[PDB]
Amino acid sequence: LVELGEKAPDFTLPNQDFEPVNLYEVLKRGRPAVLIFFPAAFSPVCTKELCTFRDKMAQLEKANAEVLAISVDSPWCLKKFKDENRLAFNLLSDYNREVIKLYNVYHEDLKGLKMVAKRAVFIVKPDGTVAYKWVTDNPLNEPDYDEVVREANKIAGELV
């Protein structure tokens, strides 16, 4: 039920190394946080005329915001994916679908797989306000990191 311009709900989740990462504590850093969701690592990504696996999610690293990618996988699975695309950021899993529901970002069914997070993005201001939002009911609809990054660099220099 989280909507743009509002106060982003706080959650706590285990990262690749089972080290719990709290959102609000991340905000306390003084820069917006980019929360990218996704159904499950090592999955495909359709592009209208080009369907591959190649993950461009590592692009967000360029952005001058804290990046926290969330998936319903496990820390071990995610820990693997982090090494794959040499992701330099933190990936949090929600094996219990606790946080995905909080943002209503979830596929009640995806190829027989239930409670699978859908694609989406939420740039949260260092104060906890949703300064940006993007979501798609399409599982293979990958975000265009190019802009999401600049739209974050904006939100950053926006409220400094």
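A residue's number is simply how far along the shown sequence it sits, counting from 1.
*Asks:* Look over 114-122 and 53-61 in the entry and identify the one with the greater average Cα temperature factor.
*Replies:* Higher mean C-alpha B-factor in the PDB entry: 53-61.
*Asks:* Mean CA temperature factor from the deposited coordinates, higher in 95-103 or in 65-73?
*Replies:* Mean CA B-factor is higher for 95-103.
*Asks:* Looking at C46, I36, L27, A41, which one carries the largest C-alpha B-factor according to the PDB entry?
*Replies:* When the deposited C-alpha B-factors of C46, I36, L27, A41 are compared, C46 is largest.
*Asks:* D137: which third of its chain by C-alpha temperature factor?
*Replies:* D137: CA B-factor falls in the highest third of its chain.
*Asks:* For the chain shown, is the CA B-factor of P20 in the lowest, middle or highest third of its modelled residues?
*Replies:* It falls in the bottom third of the chain.
*Asks:* Check where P143 lands among this chain's C-alpha B-factors and tell me if it's the lowest, middle or highest third.
*Replies:* Top third by C-alpha B-factor.
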